[PDB]
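# The amino acid sequence is not available; the structure is as follows:
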Ligand SMILES: [Zn+2]
Ligand SMILES: [Zn+2]
């Protein structure tokens, strides 16, 4: 299983999201699969971030709640970068 590490911005995003009623179990389920490198359920749209010249990817936890993450295979690490809406991240 890939090591799972977060950014300081991600941590703030989540703290905030939790305060507004976000279900952490939604996150655990998606981050779990990502880290054991299995395909996501059809619901969770997943593609690279175009505009990220570094291999950032974008997962749709909800059609407008995005998990921006980066797999760093060289370190065996899944990096959780941001969690929020398009409007909030971009
Ligand atoms: Zn998308
Ligand atoms: Zn998008």
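That came through, no problem. Numbers count the residues shown, from 1 in each chain. Ligands and ions are numbered 1, 2, ... in the order given.

# Quick check: most distant residue from the centroid of the chain.
With CA atoms, centre = their mean as the measure, the chain has its most outlying C-alpha, relative to the mean C-alpha position, at residue 74: 18.8 Å.

# Provide the secondary structure category for that one.
coil (DSSP: H, G, I helix; E, B strand; the rest coil).

# Next, the contact list for residue 35, please.
Applying CB atoms under 8 Å, 6 or more residues apart in numbering to residue 35 gives the contacts 1, 2, 3, 4, 78. Placement of C-beta: from N, CA and C, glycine included.

# just checking, which of the residues you listed belong to helices?
Using DSSP state H to define helices, no part of the contacts of residue 35 is located there.

# Now, of these, which are buried?
2, 78 (16 or more other CB atoms under 10 Å).

# With distance to residue 28 as extra columns, can I get the contacts of residue 35 in JSON lines?
JSON lines is the format used below for the contacts of residue 35 (distance: CB to CB, whole Å):
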{"residue": "1", "distance to residue 28": "13"}
{"residue": "2", "distance to residue 28": "14"}
{"residue": "3", "distance to residue 28": "16"}
{"residue": "4", "distance to residue 28": "10"}
{"residue": "78", "distance to residue 28": "13"}
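
# my guess is residue 72 meets residue 79, correct?
Yes: between residue 72 and residue 79 there is a contact under CB atoms under 8 Å: 5.9 Å.

# Compare the two (neighbour count), which wins?
Remark: of residue 72 and residue 79, residue 79 carries more neighbours, 18 against 14, as counted by other CB atoms under 10 Å.

# Name the nearest residue to that one, ignoring sequence neighbours.
Leaving aside its chain neighbours, residue 79 sits nearest to residue 70 (4.2 Å; criterion: CB to CB, 6 or more residues apart in numbering).

# same check, this time on residue 60
Using CB to CB, 6+ apart and skipping residues adjacent in sequence, the residue nearest residue 60 is residue 45, 3.9 Å away.

# quick one: residue 56 and residue 17, what's the gap?
19 Å (CB to CB, to the nearest Å).

# what do you get for residue 30?
Residue 30 is 13 Å from residue 17, where distance means CB to CB.

# likewise residue 62?
Separation of residue 62 from residue 17 (CB to CB) stands at 11 Å.
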